[PDB]
Amino acid sequence: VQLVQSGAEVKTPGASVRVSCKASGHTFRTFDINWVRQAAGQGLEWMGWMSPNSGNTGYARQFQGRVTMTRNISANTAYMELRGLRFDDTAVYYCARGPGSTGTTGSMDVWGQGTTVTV
Amino acid sequence: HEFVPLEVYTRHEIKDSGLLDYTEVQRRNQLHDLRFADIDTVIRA
Amino acid sequence: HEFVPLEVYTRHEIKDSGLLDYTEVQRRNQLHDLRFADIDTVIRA
Amino acid sequence: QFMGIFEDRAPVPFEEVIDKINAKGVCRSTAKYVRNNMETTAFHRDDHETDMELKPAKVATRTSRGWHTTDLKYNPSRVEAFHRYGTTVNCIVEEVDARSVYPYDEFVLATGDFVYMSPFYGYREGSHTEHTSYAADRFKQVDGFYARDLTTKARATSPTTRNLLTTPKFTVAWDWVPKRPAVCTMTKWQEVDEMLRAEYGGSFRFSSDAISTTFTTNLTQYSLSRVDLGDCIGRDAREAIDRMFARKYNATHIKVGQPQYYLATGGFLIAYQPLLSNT
Amino acid sequence: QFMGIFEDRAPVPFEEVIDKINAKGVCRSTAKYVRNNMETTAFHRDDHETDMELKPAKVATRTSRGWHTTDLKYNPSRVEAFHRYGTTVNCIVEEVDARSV
Amino acid sequence: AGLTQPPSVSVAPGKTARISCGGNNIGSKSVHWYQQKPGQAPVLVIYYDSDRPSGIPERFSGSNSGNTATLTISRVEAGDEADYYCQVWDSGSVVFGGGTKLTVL
Amino acid sequence: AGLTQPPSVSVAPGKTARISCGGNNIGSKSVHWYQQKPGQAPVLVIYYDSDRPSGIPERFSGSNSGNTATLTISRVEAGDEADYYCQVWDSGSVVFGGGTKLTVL
């Protein structure tokens, strides 16, 4: 499977950003989608996971109430949407196939190219 | 002369000659929970 | 002319056509205690 | 004296099959499962939950590999003139051979148990139209599954699509494969270098001197699309015909057109490749 | 935790097959039969005797018709630190194919 | 719910590099080690504490016991200079290690 | 342990006739309705509360609920003048109804 994300986004503080991740090669319902962001020169910061088969999601404690994770099965796509942006949200966001419904011990074996979001 | 396929008993006749079939009996018996029972429901009071 | 032995299905093919074999299922099922259990050991407190 | 021995088989949950058995190679010592419409949990040795290694089972002749955590049954310590209950939980993993028959809407395991789900049921490329007799939450198709050998402890590098089904009594897992290139309603029986085809009485006679067999077919061909699940006939016919032509008639004959397919009395499918000499 | 599940198949008497099942289409909620040389009686849900309608069973492929009265097993209500017993009586009628040689 | 990693590890090209990842009872979790070159998505180099994905050289190895997981890079090449992360799943979230920047001298 | 019936019922030839049979918990019993014309043995016209024997016309109908069983005759012809009895089995003995004489006017 291959994960292809949308383009870079330039926004203003307090706005909302929807990042798209399209899976190609598989039905995309057979694994989970983990969204993880990395700031400029900082370490990896996990954001959440989503089960495209059922729509079940699980977010980080620090991202609860600001992240909405949804899907479009027909177009084989997963969307992560951030609300209430601030200055430290300028980061590269990656969608991966990782833990979640399919098993909490899974690995983030396949990654997306990542989208750069600047506020 | 044309020879047609002729046989006294077919494979199906030999299989049906048996009084009990293990596979069919097991298949019928193991649907008992799927037929006369509610497997998925969990009752907690 | 030499007529070679020819048959559509062998005895093994016909016996393997069955989905479940009682003898093999019983042989595997009755080794459960010998495989996954210690029959000989006796524990007395 | 034993007043009773309640023996049950409980399924291993998905989160224990993937996260415990496949990841760490261990199994939980507590069995939590639904039985008789009630959530029941049994603690091994009436102790706290613990992860136990899955060690190989005792070797038996003509048996598949198996793993288990416990080898002795726990019985209560003696207390004079009381009924005492003792719980034992033995986590058992068994590689088995599963068999299915047409129309491949269900399969059986080597233990004599039935699974009322098509072996090709899944989530991709029309696998969701296959037969399933269970709830949607009893089945899980994990993709990017890295199987872990329980003896050599060597993870497989190639990911596989693994179906997991939690029946009330056990949990079966098997690698998903597409139905069309896996099953077939016809099997190759004979490969004949020389079947002379003769046209007479508005019929074709295919005579083979090697096996001493004459087949009678109608003049018209048999449509391969009319065969149910008949994707193997074409491939096997082309492969065998190419091999035999290369073996025997490469230097003397040439093929005349694409292989044709005929139906012969008694129900025999003949894939025929006519050949013409260099003359 | 289940400490034991005694499952048995009791016969439906003649006076219940004709008077209840064939006549009214219902089945008694009590199973009174002879097992191990003893008159044993079971009450569904440990309740009073009642007539329960025989409704069709769930459809399974390549299976004959069947009817049953109860669908859920009865398990005892939770009382802390006590072994408790619960009875379930499910009256089952199955059309079957019989073979003789 | 946190993993402790050394900020930086410096190892000569001929020698071997050890990267540690500390946590409370991390021996009961599957530690996955990811490698990240600058301007690239992380690439999985170790998974399930001991295993190497396809195409990963034999030099990488992993261990996980007690309260410590360790990634060992034998014969550290000049191209092994990257940021390495240890990931486990704690409670209902995957915690990521702070990241170790391996410097090849 | 008794069943009560109206002594007589009079209905017009065009209309429908309704005959009631009372009893305590009659819905737990299988009421059989017998028709008896003078100088003849009774003929069974309804059995098991909702069924007609072979040869009985579709006009007849039966119902049983609570403390009342009911026999309904639709398009009551002149040949339906007879006595109608409701029979059950009550504690080791069958109980017959008092008898209802249906008369067409």
# chains A, B, ... in the order shown; residues from 1 in each chain; ligands from 1
>>> residues_around(residues="residue 100 in chain F", least_positions_apart="3", cutoff="7 Å", atoms="only C-alpha atoms", output="ChimeraX atom specification")
/F:5-9,83-85
>>> interface_residues(of="chain G", to="chain E", cutoff="9 Å", atoms="only C-alpha atoms", output="PyMOL selection string")
chain G and resi 28-30+48-49
>>> select_by_dssp(residues="chain G", states="strand (DSSP E)", output="PyMOL selection string")
chain G and resi 8-11+17-22+32-36+43-46+60-65+68-73+83-89+94-96+100-104
>>> closest_residue(among="A:91, A:33, A:117, A:78", to="chain D", atoms="only C-alpha atoms")
A:33
>>> closest_residue(among="F:10, F:65, F:40, F:35", to="chain D", atoms="only C-alpha atoms")
F:65
>>> residues_around(residues="residue 67 in chain G", least_positions_apart="3", cutoff="6 Å", atoms="only C-alpha atoms", output="list in words")
residues 22, 23, 24, 25 and 26 of chain G
>>> interface_residues(of="chain D", to="chain E", cutoff="8 Å", atoms="only C-alpha atoms", output="list in words")
residues 4, 5, 6, 36, 37, 38, 39, 40, 41, 42 and 85 of chain D
>>> residues_around(residues="range 101-106 of chain A", least_positions_apart="6", cutoff="10 Å", atoms="only C-alpha atoms", output="number ranges by chain")
A: 30-33, 49-58; D: 14-20, 22-24, 140-146; F: 29-32, 47-48, 87-94
>>> residues_around(residues="range 17-32 of chain C", least_positions_apart="2", cutoff="12 Å", atoms="only C-alpha atoms", output="JSON, numbers by chain")
{"B": [11, 12, 15, 20, 21, 22, 23, 24, 25, 26, 27], "C": [9, 10, 11, 12, 13, 14, 15, 34, 35, 36, 37, 38, 39], "D": [57, 58, 59, 60, 61, 62, 63, 64, 65, 66, 67, 68, 71, 92, 93, 94, 96, 97, 98, 99, 100, 101, 102, 104, 106, 107, 108, 109, 110, 111, 112, 113, 114]}
>>> residues_around(residues="residue 111 in chain A", least_positions_apart="2", cutoff="9 Å", atoms="only C-alpha atoms", output="PyMOL selection string")
(chain A and resi 2-4+94-97+108-109+113-114) or (chain F and resi 41-43)
>>> residues_around(residues="residue 49 in chain E", least_positions_apart="2", cutoff="9 Å", atoms="only C-alpha atoms", output="NGL selection string")
:E and (28-30 or 43-44 or 47 or 51)
>>> write_last_selection(atoms="N, CA, C and O atoms", output="compact mmCIF listing (two decimals), in the first residue's frame")
# COMPACT_ATOMS: atom_id res chain seq x y z
N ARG E 28 -44.39 -26.39 27.07
CA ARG E 28 -44.28 -26.07 28.48
C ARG E 28 -42.91 -25.50 28.81
O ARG E 28 -41.92 -25.80 28.15
N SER E 29 -42.86 -24.66 29.83
CA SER E 29 -41.61 -24.07 30.30
C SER E 29 -40.93 -24.92 31.36
O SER E 29 -39.91 -24.51 31.90
N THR E 30 -41.47 -26.09 31.67
CA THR E 30 -40.88 -27.01 32.63
C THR E 30 -40.59 -28.33 31.93
O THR E 30 -41.41 -28.84 31.17
N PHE E 43 -37.24 -25.95 35.82
CA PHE E 43 -38.10 -24.81 35.55
C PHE E 43 -37.29 -23.74 34.83
O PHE E 43 -36.22 -23.35 35.30
N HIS E 44 -37.80 -23.27 33.70
CA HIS E 44 -37.13 -22.21 32.97
C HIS E 44 -37.12 -20.93 33.80
O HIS E 44 -38.13 -20.53 34.36
N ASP E 47 -38.81 -20.10 37.30
CA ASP E 47 -40.09 -19.44 37.43
C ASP E 47 -41.22 -20.47 37.41
O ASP E 47 -40.98 -21.68 37.40
N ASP E 51 -46.69 -21.62 29.18
CA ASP E 51 -46.69 -22.07 27.80
C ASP E 51 -45.99 -21.02 26.94
O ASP E 51 -46.39 -19.86 26.93
>>> select_by_dssp(residues="chain B", states="alpha helix (DSSP H)", output="list in words")
residues 11, 12, 13, 14, 15, 16, 22, 23, 24, 25, 26, 27, 28, 29, 30, 32, 33, 34, 35 and 36 of chain B
>>> atom_distance(atom1="CA of residue 61 in chain F", atom2="CA of residue 95 in chain D")
29.3 Å
